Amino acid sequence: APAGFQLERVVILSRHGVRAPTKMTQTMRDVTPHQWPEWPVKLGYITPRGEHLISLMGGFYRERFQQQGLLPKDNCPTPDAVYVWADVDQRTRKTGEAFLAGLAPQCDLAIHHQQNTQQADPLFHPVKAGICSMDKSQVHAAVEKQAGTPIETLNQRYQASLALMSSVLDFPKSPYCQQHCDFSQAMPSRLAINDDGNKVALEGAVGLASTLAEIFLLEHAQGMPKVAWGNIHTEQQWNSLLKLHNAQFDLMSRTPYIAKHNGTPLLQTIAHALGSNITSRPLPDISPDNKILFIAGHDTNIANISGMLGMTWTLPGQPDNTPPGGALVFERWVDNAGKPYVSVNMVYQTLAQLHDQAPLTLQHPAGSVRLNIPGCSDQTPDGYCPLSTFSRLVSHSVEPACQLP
């Protein structure tokens, strides 16, 4: 950092770690003659390896923040300094615990989360929680705007990637094709919404391939002996398959109309934690002297925040834009005249770092991409957005109806 700059605190919005598939539907089984490999935990759970991998990130964060004077160079942080808010799911709660175990091994720290884990946390899922609702016609129009073309035509944008997915699956030899054969032709894209407008999905080949491609990446990150039945051989193939996943996320999570309805609570919380002079539902029991706020959520949350702030990225060595344990790290810096700024980085394990379970240290670091905020036209060439500007950008991107009551 520049002479005189001081790191005052950090807010980390992290995806959970490596998990088993959330579901394995009959369509997912039917589109390949091969058998999907069994995971060593319940569907949707983080695996012990996933936990380990998150702890490696915690250790990296410890080294980075110690070097910047934010945490002590040895022995436990004071507990007021570090706070975890995790979503209700096993995968997110255990990610929060694994982060603490890497950040502060054998320190007696515990996470926080919503008391009732059987209901949505409106910080992560305000629409499912009933805080606000989307208008179905507006969703359809906003997704088309984001795609730049009618959604029914989306497969035509991804012919090579869909053909590769077909070959990796051996789709033409699949029970699906014995009952219903070209992967793209068989499964045209369409946007499906429930009656209330609170459940939205991209149906068809791109949506399905997005899910499958992420499962292969997860298998790889889990160190399974057979990933995609041995059918992914090259970096180009990984990139081509994950292109479908990143596109699905751009459409279904980055699209600003959707992103602000799902992301308002989190963006307000993050901004407030960085020092924006706004009203935000307080996190229970958080200290005024908090230095590190770690929020354990989902890929969709990171994508929503990216859409609200107009941030886009590609991660060297990591084909998924929202990889397991990848996090947006928001840093509040002040210069020697006491002016506050926000920097934002995407910090992540490369595909190799996941697969190899690489130790992460300052000498052998996690990946990190410094982000441009396009609306922050005063952002410095070295990446610092004046907090006063960041605050105004947040204020214009949030949906007031979706603020936590």
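One-based numbering along the sequence shown.
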query: Residue 128-residue 129 interval: deposited residues absent from the model; finding: none
query: Stretch exceeding the other in mean C-alpha B-factor - 208-216, 272-280; finding: 272-280
query: Mean C-alpha B-factor comparison - 88-96 and 156-164, higher one; finding: 156-164
query: Candidate set 27, 343, 35, 349 [ranked by C-alpha B-factor, highest]; finding: 35
query: Top residue by Cα temperature factor, when 371, 31, 358, 362 are compared in the entry; finding: 362
query: CA B-factor placement of residue 137, once the chain's modelled residues are sorted into thirds; finding: highest
query: CA B-factor placement of residue 50, once the chain's modelled residues are sorted into thirds; finding: lowest
query: Where the record places residue 392 (Cα B-factor, split into thirds across the chain); finding: highest
query: Position of residue 263 among the chain's modelled residues by C-alpha B-factor, lowest, middle or highest third; finding: lowest
query: Position of residue 83 among the chain's modelled residues by C-alpha B-factor, lowest, middle or highest third; finding: lowest
